[PDB]
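Enquirer: Okay, handing you the structure first.
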Amino acid sequence: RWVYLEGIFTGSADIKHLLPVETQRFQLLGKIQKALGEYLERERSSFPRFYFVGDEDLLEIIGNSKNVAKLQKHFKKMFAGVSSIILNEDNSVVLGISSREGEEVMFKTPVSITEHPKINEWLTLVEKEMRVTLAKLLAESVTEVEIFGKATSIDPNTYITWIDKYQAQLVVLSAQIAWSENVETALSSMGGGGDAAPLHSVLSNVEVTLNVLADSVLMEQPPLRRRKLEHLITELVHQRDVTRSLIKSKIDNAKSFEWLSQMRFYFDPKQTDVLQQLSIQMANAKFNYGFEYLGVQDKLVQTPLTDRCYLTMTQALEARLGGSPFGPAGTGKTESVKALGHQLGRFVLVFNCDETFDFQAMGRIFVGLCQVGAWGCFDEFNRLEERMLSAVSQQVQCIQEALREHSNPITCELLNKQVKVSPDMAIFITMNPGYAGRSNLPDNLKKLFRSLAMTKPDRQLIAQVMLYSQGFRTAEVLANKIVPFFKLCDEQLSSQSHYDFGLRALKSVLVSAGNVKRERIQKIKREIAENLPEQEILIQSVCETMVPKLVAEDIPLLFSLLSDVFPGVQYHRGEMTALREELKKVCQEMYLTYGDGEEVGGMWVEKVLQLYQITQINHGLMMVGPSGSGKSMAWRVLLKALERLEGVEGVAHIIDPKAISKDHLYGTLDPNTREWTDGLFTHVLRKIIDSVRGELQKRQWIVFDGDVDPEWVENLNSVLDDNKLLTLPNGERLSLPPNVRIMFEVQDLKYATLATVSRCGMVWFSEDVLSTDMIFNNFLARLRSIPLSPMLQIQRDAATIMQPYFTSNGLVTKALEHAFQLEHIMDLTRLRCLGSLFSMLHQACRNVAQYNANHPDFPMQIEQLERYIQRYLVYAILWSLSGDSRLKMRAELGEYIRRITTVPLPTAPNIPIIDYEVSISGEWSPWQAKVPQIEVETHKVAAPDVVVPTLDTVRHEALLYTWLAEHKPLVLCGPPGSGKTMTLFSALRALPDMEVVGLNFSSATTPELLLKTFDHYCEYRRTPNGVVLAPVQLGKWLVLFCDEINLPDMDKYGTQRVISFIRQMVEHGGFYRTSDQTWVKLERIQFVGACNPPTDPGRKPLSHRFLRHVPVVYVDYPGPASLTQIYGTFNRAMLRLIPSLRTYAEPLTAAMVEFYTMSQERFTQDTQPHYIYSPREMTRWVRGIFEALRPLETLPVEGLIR
Amino acid sequence: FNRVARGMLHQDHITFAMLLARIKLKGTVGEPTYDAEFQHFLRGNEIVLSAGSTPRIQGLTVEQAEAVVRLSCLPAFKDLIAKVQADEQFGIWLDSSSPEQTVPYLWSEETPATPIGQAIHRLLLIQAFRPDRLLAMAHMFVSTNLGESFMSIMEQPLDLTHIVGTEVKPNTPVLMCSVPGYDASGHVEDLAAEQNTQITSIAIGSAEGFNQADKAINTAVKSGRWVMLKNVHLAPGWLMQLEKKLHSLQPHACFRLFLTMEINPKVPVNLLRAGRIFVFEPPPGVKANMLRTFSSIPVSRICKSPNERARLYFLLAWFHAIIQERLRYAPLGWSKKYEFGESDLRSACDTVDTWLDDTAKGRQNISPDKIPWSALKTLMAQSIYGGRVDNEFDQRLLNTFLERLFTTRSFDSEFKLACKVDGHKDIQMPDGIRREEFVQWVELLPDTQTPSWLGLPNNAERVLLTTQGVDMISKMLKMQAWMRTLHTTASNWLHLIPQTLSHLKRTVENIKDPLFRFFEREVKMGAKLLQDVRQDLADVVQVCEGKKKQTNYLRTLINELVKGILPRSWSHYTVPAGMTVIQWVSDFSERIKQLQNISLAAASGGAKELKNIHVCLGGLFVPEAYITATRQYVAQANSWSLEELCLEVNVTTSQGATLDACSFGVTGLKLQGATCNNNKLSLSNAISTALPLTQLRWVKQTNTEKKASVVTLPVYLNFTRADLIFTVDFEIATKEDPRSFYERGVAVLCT
Ligand SMILES: Nc1ncnc2c1ncn2[C@@H]1O[C@H](COP(=O)(O)OP(=O)(O)OP(=O)(O)O)[C@@H](O)[C@H]1O
Ligand SMILES: Nc1ncnc2c1ncn2[C@@H]1O[C@H](COP(=O)(O)OP(=O)(O)O)[C@@H](O)[C@H]1O
Ligand SMILES: Nc1ncnc2c1ncn2[C@@H]1O[C@H](COP(=O)(O)OP(=O)(O)O)[C@@H](O)[C@H]1O
Ligand code: VO4
Ligand SMILES: [Mg+2]
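Protein chains in written order, with the entry's author numbering: chain A, 88 to 114, 152 to 532, 541 to 659, 672 to 932, 955 to 1368; chain B, 2346 to 2825, 2853 to 3123.
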């Protein structure tokens, strides 16, 4: 209320001067607010395109009357192709229109802002003058093309001069109008009965003009003229096909349906001063070409399917309906709708509609489309919630029925007000039936549109025409080779989630082939000449696009197919020497292995190079592969190498999309105030677009590392296709700058629709890409550097000690490949084991450092350190590769390690090695020496903090202390009540500088629990060179004990939001606060989780992307003898208040344990959900008997059993 | 009956009529209650019989013999077995077109039964022998109880205005429930316009529709108007609130509230009870289609242009009827369940109107050969009814119908709308000039509609009719530990499925061969699923012995396995929807045994034995990969390229197996409605016919247009025609029409 008006009053200077009376009247709120709203509405009524503008920018536009240079940012959204206005020297008279591609359109009569100071007045004048100037230039170009249209053997010079003189859309119109008049005249002349055909003359004229164009495109041209020739060649090939068909079918009359069904043009220049000179008619429709400047748009090949689409869409445009094409993904529905819209010269606004598009949003959009008379193509209209699909049916029907009064001002009912409806507007909806995340339309709405099925586009024709326009002399043979190649790849190769052999892939191959041809021409010219091997260029582009996504088994299949379709053709990949040396250097500064060919690290460098190629071609990427494959390192290395090679600073924004609600990822708009607040992705994109800090000159990489499901990805469908635009429910449109790449670092695409898979370039990272010894080399290289100076010296000689074991076929590799054959409570992934092993080896080095500190004289020499490290290696291998399995599997792994290795090992012949620790003197010491026969006080038995030492207790506590010293997150998984919380708290009570905070995870837990915990226990939010979240208690480390970590429910696409949040804030060390979108970095925060086995009811297996950073320790139920000792201790403790029951302390415990065993095998969780029997019951048993016995002084054994 | 059936589906009309007939029968004068026979009619299939089923003179099938020996239990039919084998005309009667019209007298009665007694006895005989006609006999039964023309108002178009002005009180809302693909809002918009009654229509949703609808109801009940709430099944809570609100309004008369909804089980029950239910459904039969199409189109709109316009609409209507009633035969007819709706007919009429106005500027008596046939045969094949068509086989079907109807030679006198409609009778084109003549021609249509009217074969509804009859009887009858079992099931399955199959050896020469690459991929996938299925069943066995515990996966697997649902884990190759676990397991055993035979053949020989084996296309994970691999093999064996290759198929029933160097054998293909006496097809009345050892040859393409007698038959994986493998070119025999092949839904099935 008050704040909004105060903010908007200060946005401009002259606005305070405007309406000066109310300035003191405000500084009665309802009347002022409604007066301002009515001012904005009547201003939008004066210039209808203001309805495309929001108030926050309309106020600027009206206020910035004097500074016209400010207006040159709002024109990109008020118009279709207009980008800037060409003004006079004093910026008082606008002289013309400038497209974003640099194609001026100079007004015949300039608008002088001096005599039309009001913004709406001269904006309307410039719109009208743009229409008039386009009409007049089209008339002149039509006359010019009529001069040499009726002739043969056109000289290329005059034709090229005409092409360069006039605008691209005007050129295309000129050629089609001339052809339409020629064919009308020929069929009229032969309409007086069957006679000789002057139609052959028109066919020959088209053929010779096409030959001229093909030769003109063989030689190098300026890029703008190259695009003009592209358009003309596509068009005239279409005209040639049409005329050839007419001659074949022997049409004699201008009224035959073989000619009426063709889309025809009629220019009547003597029309008296209106934009209605040009009339475009198909079978029975009749549209007046709207003179909207479209800059230079990319024309489509007019295939028979596109002709059917034109027929149906024009038929639906007649009778004031709407067009509703549908089909699989990537069949040209959106682009065909846009092609028709620009063909008639219509302002076409594309919207990508998601469920956030509601009744009010669609109503405001329709207000805009009606006031301006602009088309609307609502891509994915079935992604709205079916309630809103029903609700907006009322609005669509209101528009259509009110629009039919024109065929009979005219106004309709939209959002409880009357708006002017123009006949020019249309409504189109493109849909994907049967795809995930899609709603089902009401039958009320399906009758408001005309559906059209677009299932099999004519790909052969598209390939032939595109290659022919690109200058390939063998375009027909190339198309006949390439399209069957794709249909056979779709059949011979295995169907994968990331596999795409549709139309989008073929179009990408064709564009890359054209670029490769141009580059090869330039290279030859550095060293006419049109004997290039064109098939080699095709294989070049195909291997640059279809191979990066190939799985190991489908690579030989694709290459056999290439060898059988293009026999005798050889492919020779480039060397990329400069980028390769830059990559080698960067891999040196990041402790990463570099390789070439078959060397160690080869397949990885091939992967990063393929990634660079796909980055060059595409603007949406997906790095797909099992976790632990080097995707993140690949893209980071490439970003640094490109920064140091090309010299452009590379900035990356990593976002986890599933770690936040898409209301926070894209933003929202409150229903009441109708004010839009940005999300996370939108804020990044707006900062890039509004490059206040020069963000447009850098390499911006927005990476989405997370999970892909058709709920938030589809909001970027309009961003990953040729549109390159992000559409918001606010109606704002954000254009993707050319320096921005969008990538998705994902591990699979099982839950992604084909719609998003086709829009992105797939690079497949196998697990063989990142080999084991490559990780070992990284570990050792980081060890010999990066001090955890005497510390570094210990690290260096320890790494020297460990070297012979970390071999490609050494101890660790064989141990790990054998441990893959064991049974683990959680899925066993290589990186989890390796990470636990590396953290414990770091702890071993820290132990050596601590020892050397404890002996200022006589530090540990090379021999003692050698023995200690080479024994701690075996200890840590056993713990890492079997710390999540039962005792039998741990024993089996120990037996295998004893069988293979030559490290000195304990000599006891019948006990497992896991019972043995390594002392600082490098000797195998039994764990049994560390467990004494404790004597608990006769009080405080079964107390919360009392832990009776046990083998499995000391081993597990030592392991947990090792892991928690390096602040590494970890998880304890086991049956309920087995001692996870007890063991963890015992471990932490040894660490004096850590405070633990408990968190209880239910099925309905969201990252909000974590955020509240941080808001309470970490209330400092500091802002040094960034923002850091730190615990309030200085000098202490906050531990978050997250119990039942695998409990929160998976959504429909297999993602747990809080697990993704934790994984993000552990691996990337922080998160995003959805209040400022600023990255917040964790300081002194670590996590420990406790869970039950995934096999348990209500328990979900955790994601491997999460399991990499957290090793898992399996705490099982104490066995019979373990319980016997644990509770005999408590019994002997409590059976002391009455010194006559002493001899009963031993049977009683046994009795207790005996009963427990029976119950645990009688009433399982199979019978009832609550039949879980745990040592918590024995603890309650002892504590209960103790409470009973505490006050009494004497008691017979009968009372004890009672 | 009329008021109830106006709110029921056509399928349940016969059940309700049979119940009403029972009520009338029990209230008659002195005829027997006939409960002893109705008991056998309803629950006579549950009689347990071990080894008494014996066909006589091989004149009966197993099901027929079982049914007759079950029906022999009744006192009247104690002599069925002797009587059927003592009569020769019974064989003729069994294979008759409409046996229910004339049923032989086989029961023995001491007294001459009343006509209702004969009706029910013939009902039992029809149920025993020819259950396909059972439903068609059931109608006859009702005809003898409630009198014929009892179930006849339903065939007529619905009369909204009479019921709304008469049979509906203001308080009771008018519920209009539409099946998937239908809507009723247009009917009421037309009704309100015709009655000159102002109607306020609102779509329910978005929380503004609620406020607007409440305001509209409030103003309408005190003034007298019509209110529509469209698609009001997306706000069930507000719908409860509306049901509560209507009960206490006491509105002005002439007020009406119409609630348009889809048939979904989440509609409130109390609202259904407090309203008047009208079910809108695709018409039954072409006759009802035509009648309601004509009733929809105003008579003023017909015969405004020259009189030939009247005929156009008629053809149009007839055309629409066909493409509305081929949908009820979705596998054989329209291969996909298209939503050919009333908007299609409205748009077709609009285009016909506009183009016939343009072709003849008012002048009457336009020439039959001067009407713009082209402007309609293509706007309705490429823009109106072809707009919904996905594949090209349905498109060629639509084009066949259009080119056979919308032609100049339809204003003749001997033009035949349909052929072999009664096996020999041809539906003749009516010779009318005015609309009323065509309406009368429609109303005299015989009630012997068969799928042969639609172009489909006459046996395209046998399964559907039997299922309908069984459903009727089940509805009538309804209206009147697992651990041991799973252990036995899983043990039997594990015995049934063979053990794991051996892989294929990788040699230096085998790796290049495309056939070997495909076969290795198949054997590897088969071994992977074989290990998984076998160990899953072994885990279930151990769980059902009590030895092994319960896992979340084991829980899900067992839960969906006792119910007969095929587990999502096992489904990795394409299977028809609704496949049971038992059929799936038999199929899996067949596929694994085929892969085992392949593995032994490959072990015996690497190159000379992977091409001389006959591969079952039905029992193959990816048969498209096999086709591509064979093509690639022929391309590599010679200098030919992949693109310059085409398929020629030759059926070799002799099993001589004289395979050429470019020929691959395939077994297990099934023609749907044609036989191959040679490599030439021929239309037949059998549902499917096995093709033994079709040879596939890859020959270099000549880019020559095929002959007239050659037809392009799709090949699908299974009966669910939802996936194309490839297409075959079969030459047809002499005196055959490829259009008849297209209409009769001839195809080839792998499974
Ligand atoms: N060239 C390399 N040489 C050695 N180790 C490498 C190399 N590239 C990556 N690694 C290591 O491999 C491990 C996993 O790779 P990385 O961190 O790049 O992510 P990823 O497994 O591809 O994906 P994500 O983190 O998304 O699951 C890390 O420990 C990383 O240090
Ligand atoms: N007939 C055609 N000629 C040229 N390009 C085409 C044709 N059909 C599709 N494309 C291209 O393929 C891509 C398909 O994009 P889109 O129009 O969004 O298809 P869909 O809507 O089916 O996903 C576009 O980049 C378009 O340029
Ligand atoms: N060796 C032991 N010493 C002391 N208490 C034990 C021992 N083993 C089991 N317990 C008892 O088992 C219970 C385990 O509880 P806790 O560890 O808090 O939950 P969870 O095991 O589910 O994480 C504790 O109450 C503890 O008293
Ligand atoms: O067919 V799509 O426009 O959803 O890529
Ligand atoms: Mg699209």
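Using N, Cα and C, we set each Cβ at its ideal position, and we do this for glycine too.
Distance, Cα to Cα, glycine 3040 (chain B) vs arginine 724 (chain A)?
Expert: Each residue's alpha carbon lies about 56 Å from the other.
Enquirer: For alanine 2979 (chain B), does the count of other Cβ atoms within 10 angstroms reach 16, so buried, or fall short, so exposed?
Expert: By the neighbour-count rule (16 or more Cβ atoms within 10 Å), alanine 2979 (chain B) is not buried but exposed.
Enquirer: Using 8 Å as the limit for Cβ to Cβ distance, is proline 1141 (chain A) near chain B?
Expert: It does not: the Cβ of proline 1141 (chain A) has no partner Cβ on chain B nearer than 8 Å.
Enquirer: Check the Cβ-Cβ distances between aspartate 993 (chain A) and every residue of chain B, and say whether any is below 8 Å.
Expert: So no, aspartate 993 (chain A) is outside the interface.
Enquirer: According to the neighbour-count rule (16 or more other Cβ atoms, all chains shown, within 10 Å of its Cβ), is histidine 1336 (chain A) buried or exposed?
Expert: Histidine 1336 (chain A) is exposed by the Cβ-count criterion.
Enquirer: Ordered along the chain, which non-local residues of its own chain (more than five positions away) have a Cβ less than 6 Å from that of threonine 430 (chain A)?
Expert: Same-chain partners within the cutoff: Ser460.
Enquirer: Compare the C-beta of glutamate 510 (chain A) with all C-beta atoms of chain B and state if any pair is closer than 8 Å.
Expert: Yes - at least one Cβ of chain B is within 8 Å of the one on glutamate 510 (chain A).
Enquirer: Which residues in chain A sit within 7 Å of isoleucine 2549 (chain B), going by Cβ to Cβ distance?
Expert: Correct list: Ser514.
Enquirer: Chain B partners of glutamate 1327 (chain A), CB-CB under 9 Å?
Expert: Result: empty, since nearest Cβ-Cβ is about 11 Å, beyond 9 Å.
Enquirer: Please decide whether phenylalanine 483 (chain A) counts as near chain B, where near means a Cβ-Cβ distance under 8 Å.
Expert: Judged by the 8 Å Cβ criterion, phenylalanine 483 (chain A) is in contact with chain B.
Enquirer: Between the Cα of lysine 103 (chain A) and those of A:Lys155, A:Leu620 and A:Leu160, spot the shortest distance and give me the residue it belongs to.
Expert: Cα-wise, what sits closest to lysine 103 (chain A) is A:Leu160.
Enquirer: If we define contact as Cβ-Cβ less than 8 Å, is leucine 435 (chain A) a contact residue for chain B?
Expert: Yes, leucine 435 (chain A) lies at the interface with chain B (some Cβ there is under 8 Å from its Cβ).
Enquirer: Give the DSSP-derived three-state secondary structure of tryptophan 246 (chain A) in the structure shown.
Expert: Looking at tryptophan 246 (chain A) - three-state DSSP - the assignment turns out to be helix.
Enquirer: Using a Cβ-Cβ distance cut-off of 8 Å, determine whether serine 2719 (chain B) contacts chain A.
Expert: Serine 2719 (chain B) counts as touching chain A.
Enquirer: Please classify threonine 3066 (chain B): does DSSP put it in a helix, a strand, or coil?
Expert: Note: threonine 3066 (chain B) maps to strand in three-state DSSP.
Enquirer: Give me the chain A residues within the contact set of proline 2886 (chain B), using Cβ-Cβ distance strictly less than 9 Å, ordered along the chain.
Expert: Per Cβ cutoff of 9 Å: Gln624, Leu701, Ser704 and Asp708.
Enquirer: Along the stretch 2571-2601 of chain B, what residues have a CB closer than 7 Å to any CB found in chain A?
Expert: Listed by position, the residues of the stretch 2571-2601 of chain B near chain A (Cβ gap below 7 Å) are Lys2575, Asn2576 and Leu2579.
Enquirer: Looking only at C-alpha atoms, which of A:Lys1096, A:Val420 and A:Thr1221 sits nearest to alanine 1124 (chain A)?
Expert: Among A:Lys1096, A:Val420 and A:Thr1221, the Cα nearest to that of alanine 1124 (chain A) is on A:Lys1096.
Enquirer: For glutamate 1032 (chain A), collect the residues of the same chain with a Cβ closer than 6 Å to its Cβ; drop the 5 residues on either side in sequence, then sort them by chain order.
Expert: Closer than 6 Å at the Cβ level, and outside the excluded window around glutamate 1032 (chain A), lie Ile967.
Enquirer: Label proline 393 (chain A) either buried or exposed according to how many other C-beta atoms from any shown protein chain fall within 10 Å of its C-beta, with 16 as the threshold for buried.
Expert: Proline 393 (chain A) comes out exposed.
Enquirer: Residues bridged to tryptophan 1245 (chain A) by DSSP?
Expert: DSSP, once it has assigned bridges, lists A:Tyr1238 as partnering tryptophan 1245 (chain A).
Enquirer: Can you tell me the Cα-Cα spacing of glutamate 3016 (chain B) and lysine 3072 (chain B), whole angstroms?
Expert: Taking the straight line from one Cα to the other gives about 6 Å.
Enquirer: Residues around ligand 5, please: the ones whose beta-carbon is closer than 6 Å to some heavy atom of it, in chain order.
Expert: Going by the Cβ distance cut-off, the answer is A:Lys457, A:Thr458, A:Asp503 and A:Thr562.
Enquirer: Report yes or no: do the stretch 1345-1356 of chain A and the stretch 2451-2470 of chain B share at least 3 C-beta pairs separated by less than 8 Å?
Expert: No contact exists between the stretch 1345-1356 of chain A and the stretch 2451-2470 of chain B.
Enquirer: Taking C-beta pairs closer than 7 Å, name the residues in chain B that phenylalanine 391 (chain A) reaches, listed in chain order.
Expert: Within 7 Å Cβ-Cβ: nothing; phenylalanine 391 (chain A) doesn't reach chain B, min ~23 Å.
Enquirer: Rounded to whole angstroms, what's the CA-CA distance from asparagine 3050 (chain B) to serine 3060 (chain B)? Just pull it up for me.
Expert: Roughly 17 Å separates the two Cα atoms.
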